[PDB]
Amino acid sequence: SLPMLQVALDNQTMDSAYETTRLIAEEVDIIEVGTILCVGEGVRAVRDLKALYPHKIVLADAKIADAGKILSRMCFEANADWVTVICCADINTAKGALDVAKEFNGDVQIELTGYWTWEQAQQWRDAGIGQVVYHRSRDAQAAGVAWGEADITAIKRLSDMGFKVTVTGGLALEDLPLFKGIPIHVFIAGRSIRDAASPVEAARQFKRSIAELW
């Protein structure tokens, strides 16, 4: 259907996250427990947010690097719907996380932050991974790296390989038309919703512009 809207809670404490969710939880489709929040509070963040918003998809952005079955199980036992595994993880890490996800009727996303290869991407596909997150790194953004046509070419290629593609990384309202034409599964916004003068209006403008374009 239309691309979904995910909010990233990149906060260090639950009470800080709740300053955002109390405004916009009903305005988005997916609530992400950001990596920062996973490190700040641990898996209780996932458990708490799913208890609050059980009708929403909750994503634990754990960026699992290894110990796929152990870490995925902690997240899913805390009631996560989706978990992320980082792109450089050994293929057996992705496979282990996916096996656990199936036990809980969840799913795994590969987080494409940093270095990866097209040969690894075929591997994830062969392993049964259906979701990837195309991510312009925060630190790369801060060093002046922009979105460009090489990103759009890569998103299209991933989509043609059969992945559902999430797009993220300092996304602004004005960036949405760059992706016009592509069956994007999810757009993530963290800062552009959380730090907006009006987070509710920020979220609604995202949803309005997605409905315009798709």
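Superpose the two forms; the largest set of C-alphas matching within 1.5 Å is the rigid core. Start at 1 with the first residue shown and count on from there.
- Of the two segments 113-121 and 73-81, the one whose CA positions lie farther from the displayed form in 5 other deposited structures of this protein, once all are superposed on the rigid core, is 113-121.
- Look at the mean CA B-factor for 107-115 and for 134-142 in the entry; the higher one is 134-142.
- Judged by mean Cα B factor in the deposited record, 200-208 ranks above the other of 200-208 and 18-26.
- Residue set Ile152, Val58, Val39, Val165: peak C-alpha B-factor at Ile152 (per PDB entry).
- In this entry, the residue among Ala172, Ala62, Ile70, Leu158 with the greatest C-alpha B factor is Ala172.
- When the modelled residues of the chain are ordered by C-alpha B-factor, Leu213 sits in the highest third.
- When the modelled residues of the chain are ordered by C-alpha B-factor, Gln123 sits in the highest third.
- Among all modelled residues in its chain, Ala94 ranks in the middle third by Cα B-factor.
- The deposited CA B-factor of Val33 belongs to the lowest third of values across its chain.
- The PDB entry assigns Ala80 a C-alpha temperature factor belonging to the lowest third of its chain's modelled residues.
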